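As structure tokens, one chain now follows by itself in the form solved without the ligand.
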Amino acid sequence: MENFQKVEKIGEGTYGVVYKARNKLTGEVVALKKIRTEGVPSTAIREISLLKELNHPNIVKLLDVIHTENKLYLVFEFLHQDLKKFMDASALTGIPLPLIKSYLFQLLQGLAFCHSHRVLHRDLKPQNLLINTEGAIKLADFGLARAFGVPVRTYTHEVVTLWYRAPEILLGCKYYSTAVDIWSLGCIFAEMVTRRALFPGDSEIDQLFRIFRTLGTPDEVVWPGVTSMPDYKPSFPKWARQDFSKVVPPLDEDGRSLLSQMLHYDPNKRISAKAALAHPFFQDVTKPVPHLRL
């Protein structure tokens, strides 16, 4: 738009292009996202305008919504790097546990806040977790999945990742809960520790089976109601549960106990963000500053 000088393209998102731009009136650098056609649904207009209100230090702020000339642009506060880049940079040494613990703790604060307002992300992944020089980490694109249903292929045909998707979603459950975000967070948590994706599926069935091989094929004992799920099939291979010590070495007992609670099959059993902040694993959390070169 006119009130903004595009400085550069930051990337090819799920919904559209993302540019770093300078607001000519405030002079502030901002993240400008062009979204996605019949003349923009008023329902999406209302969903988004509600997000303008839930502000938290661990949530990327939605500064403005520009629906000019039947087009939609969302203006978000700008952050320099995402967790995905940072992990690729700390591949050799790994991210230090104190930083891992600080980031998970902040993430859970942002989640607890949104969840208390009944707002889900539904599409958590490293790429939408943004970090700054002072040791902060913020959740980006919160609530947009609800406003604009998460696509299979992005506008540039990029296949959207299934890696962090909760099993109830993969089994065709249509009424997701806040528990889906906890599952995603547990997957990212494991990835930060081992420096390898936990369940890197390349199809919905492959993703489902990767989950089954590790956590064991679910049944009516661990997940009551599972066999009645829309896409559940009695013909699923029956796999045994692997030991967490083998799944996430060298995570200590507290971290492994926490992860196991975030990875419970049954959504009603899965630990809540608010409950997780009180877990012993956070007893010694601090706020270290990351080693990020811009």
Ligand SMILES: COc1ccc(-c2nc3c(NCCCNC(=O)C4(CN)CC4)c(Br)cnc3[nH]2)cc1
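Residues carry their position along the shown sequence, with the first being 1. Under this definition, the rigid core comprises the largest set of C-alpha atoms superposing within 1.5 Å between the forms.
Superposing each structure in 8 other deposited structures of this protein on the rigid core shows that the farther-lying of 73-81 and 91-99, by root-mean-square Cα distance, is 73-81.
When the other structures are laid on the shown form by the rigid core, the stretch among 168-176 and 127-135 with the greater C-alpha deviation in 8 other deposited structures of this protein turns out to be 168-176.
Of the other compared PDB entries of this protein that include residues on both sides, all give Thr68 atoms, none of them, and so not a third, leaving it without.
In none of the other PDB entries of this protein that model the residues around it does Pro230 lack coordinates, well short of a third. According to the record, the deposited sequence contains 4 to 9 residues between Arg36 and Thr37 that were left without coordinates. When the mean C-alpha temperature factors of 185-193 and 116-124 are read from the deposited coordinates, 116-124 comes out higher. Across the two stretches, 151-159 and 217-225, the PDB entry reports the greater mean Cα temperature factor for 151-159. The residue among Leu108, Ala89, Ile137, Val180 whose C-alpha carries the highest B-factor in the deposited model is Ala89. Each of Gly255, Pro249, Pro237, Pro41 has a CA temperature factor in the record; the biggest one is found at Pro41. Ranked within its chain, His264 lands in the lowest third, by CA B factor from the PDB record. When the modelled residues of the chain are ordered by their C-alpha B factor, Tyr164 lands in the lowest third. In the deposited entry, the Cα temperature factor of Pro57 sits in the bottom third of values across the chain's modelled residues. Placement of the Cα temperature factor of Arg210 within the chain: lowest third of the modelled residues, per the deposited record.
When the CA B factors of the chain's modelled residues are split into thirds, the value for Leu277 lands in the middle one.
A second form of this protein, the form solved in complex with the ligand, is not displayed here; the remarks below concern that form.
Although the partner is absent here, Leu130 sits close enough that one of its heavy atoms falls within 4.5 Å of the ligand in the bound PDB entry. Contact check for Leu79: a heavy atom falls within 4.5 Å of the ligand in the bound PDB entry.
In the bound PDB entry, at least one heavy atom of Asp141 sits within 4.5 Å of the ligand. Although the partner is absent from this view, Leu277 stays clear of the ligand in the bound PDB entry, with no non-hydrogen atom inside 4.5 angstroms. Residue heavy atoms within 4.5 Å of the ligand in the bound PDB entry occur in exactly one stretch of 188-196, 92-100, 202-210, 71-79, and that stretch is 71-79. Contacts between 1-22 and the ligand, taken as any heavy atom within 4.5 Å in the bound PDB entry, involve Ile10, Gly11, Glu12, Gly13, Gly16, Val18.
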